[PDB]
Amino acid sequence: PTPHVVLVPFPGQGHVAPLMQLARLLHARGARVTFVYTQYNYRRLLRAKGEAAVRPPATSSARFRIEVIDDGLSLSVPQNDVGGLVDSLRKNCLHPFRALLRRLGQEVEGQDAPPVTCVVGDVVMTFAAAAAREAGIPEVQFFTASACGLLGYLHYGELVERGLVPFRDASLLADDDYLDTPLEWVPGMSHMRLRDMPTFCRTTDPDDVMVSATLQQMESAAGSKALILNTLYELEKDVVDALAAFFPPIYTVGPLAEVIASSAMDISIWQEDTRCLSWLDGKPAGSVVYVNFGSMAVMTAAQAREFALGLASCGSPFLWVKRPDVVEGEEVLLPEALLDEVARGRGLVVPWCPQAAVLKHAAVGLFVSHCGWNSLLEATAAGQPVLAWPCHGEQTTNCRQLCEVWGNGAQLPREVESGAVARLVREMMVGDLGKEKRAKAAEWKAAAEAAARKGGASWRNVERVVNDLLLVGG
């Protein structure tokens, strides 16, 4: 019999990426895979890159099925409207997914298809676990961000119990002294402050979607057969040991993409700029500041201008990925100082890049990052120190660990100002600060390589997951 694994990501590129990594590995190991897209995600991908590039090749088409489910969303809903996405998916996708499972079962008789043997749902996509359990199909969940991020979400309930969520005083939502308050009761992260919790807790709404959905997700994941985390156990050991008490067995597989590399489908709405790596080839080793904020976050036009002026005055060449819709509001021209540096060849601004390859390029010496987890995993594998500007979600949690525990990063002020940006970049490029963070980044690069190579801790967890949980085919 052939195992048949159905995988269901949340519609964001940072969620699709790790589940697609796993789906391709399972297909390589001989499994049948059904990858489930929401119609929102599928139609947006089609209009950006065309059906041929989004769907599987003909060589893999036999055992790699793409299925699409309804979600009731307009394609106009932007990626930064996380609450709108989350609320529609949890309300609209369960019955479409239940129907999909039924049809996959009918295809056993109808076309000799393999019965479904496991569902791997993103933790967010609680309907996938609900439908699998109803149908008596094993399900395992994949949390796509950091362990420390999960630990913060897990403690949303405790915030509610302590009267901290919802915020009873709206004036405290952005009060920096209040947000600095230590939360000494979080196991595994004694240094958590209120601001270091994933940012969706900062709400006055007692029916807030993201708080509600978080609680649903934690309860769902606690009932799963296992939890997959795309992190390095050695990096997040104290956090993972604290999470162990609240979840089924946890498999730390990170960086999954590097485990796979040790040993045909576009998942992005943006086209990776091919000039990047050639431009970096022309720059000295370690000389370039690489700036990128991932696939969902947006910033203000004022923040964008201060980043631009800071980059122009920081003393280093720079590669800035400025996502086409990253700035809120109408298009504003970049400052002349930056535009002149681009004209001189000292800087380069592109809409999207091949991020893992850029971070591994010898010309890059620093990553200015929003602290999205996949981006941090790519920085960790590459050995790049991080200058952090967290935006939303668990980016704040990740930044707290980058600064206080992992040791491979430093933080910018949330209020962007060109002079402080230039000063901190300079410190990271030539100061004792950067020497320390870069040295620690080198240590984590070695640790990641050891974990991902055959026999390493993450490699061993991937083998156990792939074999004993997913290819069993009972």
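All residue numbers refer to positions in the sequence shown, first residue = 1.
Gap size between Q271 and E272, counting deposited residues with no coordinates: none, 1 to 3, 4 to 9, or 10 or more?
Unmodelled stretch: none, continuous chain.
Between 461-469 and 14-22 (mean CA B-factor, as deposited), the higher
Higher mean C-alpha B-factor: 461-469.
Out of 51-59 and 403-411, which one has CA B-factors that are higher on average in the deposited record?
Here the higher of the two C-alpha B-factor means belongs to 51-59.
Top Cα B factor in the deposited entry, candidates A441, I69, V416, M429:
Each of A441, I69, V416, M429 was compared by C-alpha B-factor; the highest is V416.
From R90, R346, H392, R162, which pick has the Cα B-factor that tops the rest in the entry?
Of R90, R346, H392, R162, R346 has the highest C-alpha B-factor.
Assigned third (lowest, middle, highest) for the C-alpha B factor of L46
Top third by C-alpha B-factor.
What third of its chain's C-alpha B-factors does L194 belong to: lowest, middle or highest?
Its C-alpha B-factor belongs to the lowest third of this chain's values.
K437 - Cα temperature factor, lowest/middle/highest third of chain
Lowest third - that is where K437 ends up once the chain's C-alpha B-factors are sorted.
Third of the chain's Cα B-factor distribution that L424 belongs to, per the entry:
For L424, the deposited C-alpha B-factor lands in the middle third.
By its CA B factor, does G329 count among the lowest, middle or highest third of the modelled residues in the chain?
Its C-alpha B-factor, which the entry lists for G329, ranks in the highest third among residues of this chain.
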